[PDB]
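**Student:** The following block contains the structure, expressed as structure tokens.
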Amino acid sequence: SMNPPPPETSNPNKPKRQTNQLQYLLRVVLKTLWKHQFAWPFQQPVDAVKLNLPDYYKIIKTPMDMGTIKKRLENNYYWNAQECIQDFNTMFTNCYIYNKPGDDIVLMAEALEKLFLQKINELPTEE
Ligand SMILES: Cc1sc2c(c1C)C(c1ccc(Cl)cc1)=N[C@@H](CC(=O)NCCCCNC(=O)COc1cccc3c1C(=O)N([C@H]1CCC(=O)NC1=O)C3=O)c1nnc(C)n1-2
């Protein structure tokens with residue numbers, strides 16, 4: 001079995017910015033979620049080989065995880081905050097699609113998403 005390559009984190013042709021909103025997404029949002037007791041499954045791509053999930057990447061065709069998001073934020077991959085918010089949303093939705101309601105990992109993702117949304121409510125106005 002094999003894992004796919006990870007999502008892109010470097011592309012010199014993609015235009016970049018570091019807006020106050022993107023700074024907040026790293027400093028506050030990512031860093032707060034990262035330290036949560038339920039962060040660990042989401043801190044790196046799903047290793048479908050290690051976890052014996054041969055169907056994972058047959059079902060999940062837009063993989064995303066907080067390790068990738070952290071790299072994208074630290075390496076300024078984004079132009080805007082919405083791109084990053086979309087990555088978080090993709091991560092949560094993937095978990096809900098692959099797993100069943102009430103599964104432990106779904107409860108973990110839901111707790112992180114609740115926290116994420118709280119933090120997004122204080123996203124600063126773009127200066
Ligand atoms: C590092 C990561 S990343 C990650 C995860 C981890 C550990 C986790 C995860 C999970 C829990 C927590 Cl608290 C935290 C993280 N989750 C995975 C999903 C997962 O592992 N999904 C696995 C789901 C497996 C369930 N499926 C079965 O057990 C299928 O088994 C069946 C189903 C039907 C019939 C039979 C059998 C079976 O084994 N047998 C055997 C029995 C023995 C026998 O004699 N004969 C048989 O045929 C059946 O008859 C996941 N999804 N998103 C993320 C993120 N993750």
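By order of appearance in the structure tokens: chains A, B, ..., then residues from 1 within every chain, and ligands from 1 in the order shown.
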Residues near residue 114 of chain A, anyone? I mean within 12 Å using only C-alpha atoms, not counting same-chain ones fewer than 5 positions away, as a ChimeraX atom specification.

**Tutor:** /A:29,33,88-89,92,107-109,119-121

**Student:** Keeping only N, CA and C atoms, write the selected residues as a CSV table (one decimal), in the first residue's frame.

**Tutor:**
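The resulting file, part.csv, is shown below:
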```csv
chain,number,residue,atom,x,y,z
A,29,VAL,N,-5.3,31.0,16.0
A,29,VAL,CA,-6.2,29.9,15.6
A,29,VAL,C,-5.4,28.6,15.6
A,33,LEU,N,-5.6,25.5,18.4
A,33,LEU,CA,-6.1,24.1,18.1
A,33,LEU,C,-4.9,23.1,18.2
A,88,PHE,N,-9.1,24.4,6.8
A,88,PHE,CA,-9.6,23.8,8.0
A,88,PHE,C,-10.9,23.1,7.8
A,89,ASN,N,-11.8,23.8,7.0
A,89,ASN,CA,-13.1,23.2,6.7
A,89,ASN,C,-13.0,21.9,5.9
A,92,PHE,N,-12.0,19.1,8.5
A,92,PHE,CA,-13.1,18.6,9.3
A,92,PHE,C,-14.1,17.8,8.4
A,107,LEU,N,-16.2,13.0,17.1
A,107,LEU,CA,-16.3,13.8,18.3
A,107,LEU,C,-15.1,14.7,18.5
A,108,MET,N,-13.9,14.2,18.3
A,108,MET,CA,-12.7,15.0,18.4
A,108,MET,C,-12.7,16.1,17.3
A,109,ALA,N,-13.0,15.8,16.1
A,109,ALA,CA,-13.1,16.8,15.1
A,109,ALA,C,-14.1,17.9,15.4
A,119,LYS,N,-12.9,31.0,17.4
A,119,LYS,CA,-11.8,31.8,17.1
A,119,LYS,C,-12.0,32.7,15.8
A,120,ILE,N,-12.7,32.1,14.8
A,120,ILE,CA,-13.0,32.8,13.6
A,120,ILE,C,-13.9,34.0,13.9
A,121,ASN,N,-14.7,33.9,14.9
A,121,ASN,CA,-15.6,35.0,15.3
A,121,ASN,C,-14.8,36.3,15.7
```

**Student:** Residues within 9 Å of segment 66-83 of chain A, please, as number ranges by chain. Count only C-alpha atoms; anything in the same chain fewer than 4 positions from it doesn't count.

**Tutor:** A: 6-11, 14-19, 21-23, 25-26, 30-31, 33-34, 39, 42-45, 87-88, 91

**Student:** Counting only C-alpha atoms and all ligand atoms, what are the residues, protein, DNA or RNA alike, that approach ligand 1 to within 8 Å? I want them as a PyMOL selection string.

**Tutor:** chain A and resi 38+40-42+44-47+51-53+65+94-95+98-99+103-106+108

**Student:** Within 9 Å of residue 48 of chain A, counting only C-alpha atoms, which residues qualify if same-chain residues fewer than 6 places away don't, as a list in words?

**Tutor:**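 Counting only C-alpha atoms, the residues come to residues 1, 2, 3, 54, 55, 56 and 57 of chain A.
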
**Student:** Neighbours of residue 122 of chain A within 12 Å (only C-alpha atoms; same-chain residues fewer than 4 positions away dropped), as a list in words?

**Tutor:** residues 21, 24, 25, 28, 29, 115, 116, 117, 118 and 126 of chain A

**Student:** Keeping C-alpha atoms for every residue in the selection just given, could you write it to a file as a PDB file, in the first residue's frame?

**Tutor:**
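Result went into again_27.pdb, see below:
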```pdb
ATOM      1  CA  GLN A  21      -5.926  37.971   9.256  1.00  0.00           C
ATOM      2  CA  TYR A  24      -4.101  35.804  13.457  1.00  0.00           C
ATOM      3  CA  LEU A  25      -4.816  32.425  11.887  1.00  0.00           C
ATOM      4  CA  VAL A  28      -4.167  32.425  17.584  1.00  0.00           C
ATOM      5  CA  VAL A  29      -6.171  29.876  15.634  1.00  0.00           C
ATOM      6  CA  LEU A 115     -13.214  25.909  18.911  1.00  0.00           C
ATOM      7  CA  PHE A 116     -12.157  26.941  15.399  1.00  0.00           C
ATOM      8  CA  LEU A 117     -15.453  28.701  14.805  1.00  0.00           C
ATOM      9  CA  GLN A 118     -15.178  30.531  18.145  1.00  0.00           C
ATOM     10  CA  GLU A 126      -8.377  43.322   7.310  1.00  0.00           C
TER      11      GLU A 126
END
```

**Student:** Got a sec to tell me which of chain A DSSP assigns to alpha helix (DSSP H), as a count of residues only?

**Tutor:** 57
